[PDB]
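For reference, the structure is listed below as structure tokens.
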Amino acid sequence: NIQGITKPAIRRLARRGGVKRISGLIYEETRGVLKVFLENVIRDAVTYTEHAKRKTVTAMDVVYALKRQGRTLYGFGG
Amino acid sequence: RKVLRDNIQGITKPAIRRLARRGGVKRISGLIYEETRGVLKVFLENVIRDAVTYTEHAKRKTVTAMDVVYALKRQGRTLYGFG
Amino acid sequence: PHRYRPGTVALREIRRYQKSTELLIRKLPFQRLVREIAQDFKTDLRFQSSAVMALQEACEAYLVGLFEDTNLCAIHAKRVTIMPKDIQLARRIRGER
Amino acid sequence: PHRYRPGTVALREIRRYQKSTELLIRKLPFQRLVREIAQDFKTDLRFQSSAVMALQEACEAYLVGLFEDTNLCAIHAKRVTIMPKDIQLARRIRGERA
Amino acid sequence: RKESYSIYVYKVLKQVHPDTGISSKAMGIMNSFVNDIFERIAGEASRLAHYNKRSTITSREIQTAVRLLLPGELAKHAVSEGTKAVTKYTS
Amino acid sequence: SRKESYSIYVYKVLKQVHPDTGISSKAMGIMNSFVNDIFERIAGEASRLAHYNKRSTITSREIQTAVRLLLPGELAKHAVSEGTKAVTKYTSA
Amino acid sequence: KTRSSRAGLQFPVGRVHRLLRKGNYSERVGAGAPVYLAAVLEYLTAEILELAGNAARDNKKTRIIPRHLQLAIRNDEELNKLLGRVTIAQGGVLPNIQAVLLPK
Amino acid sequence: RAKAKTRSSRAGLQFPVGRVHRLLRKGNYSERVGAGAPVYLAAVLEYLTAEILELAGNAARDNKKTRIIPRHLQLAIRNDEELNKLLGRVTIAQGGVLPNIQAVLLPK
DNA sequence: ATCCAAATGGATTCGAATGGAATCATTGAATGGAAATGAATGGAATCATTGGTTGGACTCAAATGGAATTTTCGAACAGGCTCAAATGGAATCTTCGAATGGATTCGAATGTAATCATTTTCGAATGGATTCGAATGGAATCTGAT
DNA sequence: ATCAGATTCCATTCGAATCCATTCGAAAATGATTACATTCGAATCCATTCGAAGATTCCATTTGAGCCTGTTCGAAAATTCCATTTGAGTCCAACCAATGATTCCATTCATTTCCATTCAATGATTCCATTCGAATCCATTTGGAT
């Protein structure tokens, strides 16, 4: 599913970040870093869900996870 | 006392040079030595303010090493050994 | 046949996306990616829709800031183009690696 | 007569300092710089010796790590020499600036 | 059941600006902001009491907290309205 | 004029791993900072945990989820071990 | 009869007093602290909402949307410091293009 | 009456379970503290202490010295990958750095 | 491929400051018998989440064509390395002077603990709305070429 | 630079629709009000502790000279990667049904909190013993020039 993150979507993400020109090796390197990030969040998030003795990951779990990581997210309730 | 003036010049070109060595720098541009003193100054200000703020809340006139420790821990530089 | 050169309508799509808040990554592919990454941690898990949305906001935001820092790295090397080497310098200075 | 070419006592002392823990900034100058920065923030202050020492350890650590990140910026731009441009890129990615 | 700052974000919104109303997702952002800052201030306050071995949080601690958390001019306006609000409370 | 430290316990554990070796007073200091730092991280994360789930008490379950969150990888796994060991051994007599 | 009106605030001093007790910050909470805090919260809310509304109809929209909040936060330098490590959902970024990359 | 011994012995720990419990009580972490928490925690602290002290003792006997000084502790942390993450944002007094020289700066 | 000169370790040596035990206090675990909570334990409704299915629409993957940016490669201008002399002022020692901490008390003024009896904020629909998303007409800028 | 032709904003109305703001009967808190429990503003008194200075030794800091080499400028070659068409598909997106899973009670037992009352674990002091921070000196490099 990591290939569901397309070449266009990575390009747009580079646009909003103000990048002129993309190496060909970037999209995979991009896809790498996202994965690490997306793992590290979910693990922590998933840990929160398991402590709660729940099987459904609440958006508050993701909020606590991100706050632990040091990427603080506003608008989802914390 | 005496008047304190221009002590950022106590951070010499040699001392900045050693600091670049232990950090793994082969060659140092000439414009670095002042720029170093730029950033050091900033760093040492932002800590000391916080340090002194702790010292003031304690209603003390003497800055303790623990005030520097709380200060740095605030900054996100945690320091060991002076606790 | 009068049509555009290298790079400038790149700049043009840059300012337009920079002007919007729209989620750039296609949503459900991302959701599938979240679910597969998650099951490898624990199975039989479900996600609040808001939770997937939150993870997408975080994921694109992270990617945006990293592309900023990357581009600063590329320009710093006198080149104009982001290379894996730039992403890696960005993330090593950031203390992520 | 002698002696060694450009680059040789560079690498020699990099090895020299990396092997030690000694504080590289001279002690008493650094002490004044602290008393000056502190006084012109707040006046009639006193300092535990330990508190200055703590400040100097923290400052030298901070600076050495920043020189590392800097040297990687030079090497990324293909040079061998740290430039102010490097220090400012280092501190910008570090989240200390823009 | 259960809580939000929305009614207060709204009151303050049109006391400062009679111009506008507030949208639900923007109201969310304002809520996450209030909550975040609350947590920062009170944490720094509790650390302060602890470092000094005091068992109670007073306006003094909230003040030193604000000087630590808030940058510069933002901090001084915050210390200001803090001491104002407290003094008018004592009346 | 007397203060707490972890020195004796750091010391004992020192004589378990390396019976031939000493520890300098400044090195012991760094170790005290280490214990106290990690204590604070563990307990803070546990406190957040209990609060997010609306419970009034930190239990070994909280300390453990804390440890899984704070500690990286294999370090975390070995810590959960020595912990749950010590707790079961405690609950029996 | 409120403590919030007796302090002249819209923010709820009473609630802040409860949260200070139930947040495990200290065993006791002085009577002046929730007021000072609720105050600093009201001010910070207010300064934000001001910059946000102006950002809102400088695009001539009768509502503050998270985009407006992000413009407000990221343009004011001191707020940008306070919130540097926060991500605002639906925020976007500021339009910025490094010069070296502009035409001619 | 009956002769006590410590809770540190009943879990077989060198670390002071009682003290850890006290600090958990006096630190405003929660209104009450389960009896298992100071135990698990004193375990994690004693374990981490122990792992550090081993890696440091090794750096100390690789440098031909019978006593652990902060330099060794810095060596121990910065070579072991996971400790290096755990302490990433920590600075060790009198720690030194690790010897490292980028490839590109070496004679050609 | 070889000779010179420092330089590089690192072996051995002798003062000494820095350990690491022993001895008394005493602060603080630990004990133990009641006094409150808290955590399931089953026990039940309402949710949110998954789940397919099945239309349209962008949205996406390749393939080509060449316009520019990256690497290379080579000169040349030059900034920073490397060296040695000149003495400054840092490091070190030891001493005192008294401002300011910091343990010990002893007390009003403050915050807490209930416990009711009002007041409020949340909820959740219902009646104006503000904006999304089209539609063009014209700058607006981009463009191959006079 | 204008000419002088496509796109592309880029705004000024347009018609729907997805929401904000307002009104509305209850949980859920907030405020008062005695009446405790206690925190730490007030206050001497003892002692670390820093602060300042004065002196001499020599350790590095400073300053300037020559020159080797990396930084930059430029020009050329190589290619990676921009733009667009076409065509194929996988993303929206709409309810739409059913059922796991959260979630609110409501008992009882188990756990955790108190509060004194002794019993060890512990935490400064002296009181000695021992790593090791400074010295010399040989031997092994290790560079840079014939």
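Numbers run from 1 along the shown chain.
Per the header of the entry, the method used was X-ray crystallography, 2.9 Å.
Every residue, even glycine, has its Cβ placed from backbone N, Cα and C.
Positions annotated as UFM1 cross-link by Swiss-Prot, on the basis of experimental evidence: A:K7. According to DSSP, A:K7 (UFM1 cross-link) sits within a helical segment.
Annotation source Swiss-Prot lists SUMO2 cross-link at A:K7 (among others). For A:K7 (UFM1 cross-link), applying a Cβ distance below 8 Å and a minimum sequence separation of six or more within one chain yields A:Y27.
Look at A:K35 (SUMO2 cross-link): DSSP puts it in a helix. The SUMO2 cross-link annotation in Swiss-Prot covers A:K35 (among others).
Of all the Cβ atoms in the protein chains shown, 12 others lie within 10 Å of the Cβ of A:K55 (SUMO2 cross-link). Taken from Swiss-Prot, the feature SUMO2 cross-link applies to A:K55 (among others).
Summarising the annotation, Swiss-Prot assigns ubiquitin cross-link to A:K67. Here the Cβ of A:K67 (ubiquitin cross-link) has 17 other Cβ atoms within 10 Å, regardless of which shown protein chain they belong to.
Summarising the annotation, Swiss-Prot assigns SUMO2 cross-link to A:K67 (among others). A helical conformation is recorded for A:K67 (ubiquitin cross-link) in the three-state DSSP classification.
Taken from Swiss-Prot, the feature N6-(2-hydroxyisobutyryl)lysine covers A:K7 (among others), and the record attributes it to experimental evidence.
As annotated by Swiss-Prot, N6-(beta-hydroxybutyryl)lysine applies to A:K7 (among others), with the evidence given as experimental evidence.
Look at Swiss-Prot and you will find A:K7 (among others) tagged as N6-lactoyllysine.
Annotation comment: Swiss-Prot describes A:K7 (among others) as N6-propionyllysine.
In the three-state DSSP assignment, the secondary structure recorded for A:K20 (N6-(2-hydroxyisobutyryl)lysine) is coil. What Swiss-Prot lists as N6-(2-hydroxyisobutyryl)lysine is A:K20 (among others).
Sequence annotations record features per position, and here Swiss-Prot assigns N6-propionyllysine to A:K20 (among others). Less than 8 angstroms from the CB of A:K20 (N6-(2-hydroxyisobutyryl)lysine) sits no same-chain residue that is six or more residues away.
In the three-state DSSP classification, A:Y27 (phosphotyrosine) falls within a helix. Sequence annotations record features per position, and here Swiss-Prot assigns phosphotyrosine to A:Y27 (among others) based on a large-scale study or a structure entry.
Positions annotated as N6-(2-hydroxyisobutyryl)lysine by Swiss-Prot: A:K35 (among others). In the structure as shown, the Cβ atom of A:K35 (SUMO2 cross-link) sits within 10 Å of 14 other Cβ atoms.
Its Cβ taken as reference, A:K53 (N6-(2-hydroxyisobutyryl)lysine) is surrounded by 8 other Cβ atoms within 10 Å in the chains shown. According to DSSP, A:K53 (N6-(2-hydroxyisobutyryl)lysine) is assigned to coil rather than to any helix or strand. Taken from Swiss-Prot, the feature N6-(2-hydroxyisobutyryl)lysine covers A:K53 (among others).
Positions annotated as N6-(beta-hydroxybutyryl)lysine by Swiss-Prot: A:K53 (among others).
Taking all protein chains in view, 19 other C-beta atoms sit within 10 angstroms of the C-beta of A:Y27 (phosphotyrosine). Annotation for A:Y64 (phosphotyrosine): same-chain Cβ neighbours under 8 Å, separated by at least 6 residues, are A:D44, A:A45, A:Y48, A:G78. Cα of A:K53 (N6-(2-hydroxyisobutyryl)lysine) to Cα of A:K35 (SUMO2 cross-link): a distance of 26 Å.
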